[PDB]
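Just below is one structure, and these are the notes that go with it.
Bear in mind these aren't lab numbers, they're just calculated from the coordinates by the rules spelled out. When we count neighbours, we look across all protein chains shown, and the Cβ atoms used for this are built from the backbone with ideal geometry, even at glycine.
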Amino acid sequence: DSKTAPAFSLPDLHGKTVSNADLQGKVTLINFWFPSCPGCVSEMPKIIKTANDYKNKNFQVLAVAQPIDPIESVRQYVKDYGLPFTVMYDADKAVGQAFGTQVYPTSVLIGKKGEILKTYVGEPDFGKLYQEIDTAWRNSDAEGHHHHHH
């Protein structure tokens, strides 16, 4: 739930539970947002293509909407604009509180090991974001003690 991915099992808006085991092998962009977020102008079309493109690679995007707009209003966004990425509703805000963000919007980059790497706040620089996501590819192990057995 927090950074370095402590034990978490969170059911998304579809009712299915995502957990630590799912992060192992996939790189994940978890952004904390809300339907009425000004950052959606940048993030939304950006994330549509991002989650669609890297879907067939090994990358996944998880959009976490916290209690600013109603939970259904979040679903309105996901249903209407056909969001190809999984969205959650941080009702208790504990998952967002675990990461320690508080300021929104914010895109968090999760490595393939579970380290929880990068935190973009406000406007995520697309150029360095894509190159950094590519760096997430390039980063083969992310330190396995030079003898990967996990």
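What to note about this one:
- Residues in region 6-17 include none that are under 15 Å from the mean Cα position of the chain (by Cα), under 21 Å from residue 119 (Cα atoms) and crowded, with 19+ Cβ neighbours inside 10 Å.
- Breaking point among (1) buried (at least 18 other Cβ atoms within 10 Å of the Cβ); (2) hydroxyl-bearing (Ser, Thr, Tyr); (3) over 13 Å from the mean Cα position of the chain (by Cα), for residue 135: (1)
- Residue list for region 54-82, restricted to those being among the charged types (D, E, K, R) and loosely packed, with under 13 Cβ neighbours inside 10 Å: 57, 72, 79, 80
- Close contacts from region 38-67, counting a first residue that is outside any loop (DSSP other than H, G, I, E, B) and a second that is among the basic types (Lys, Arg) and surrounded by fewer than 20 Cβ atoms within 10 Å (Cβ to Cβ), with Cβ to Cβ under 9 Å and a gap of 6+ residues or different chains, come to 59/26; 60/26; 61/55; 67/93.
- Output for region 124-150, where each listed residue is assigned to a helix (DSSP H, G or I), polar (S, T, N, Q) and closer than 16 Å to residue 26 by Cβ: 135
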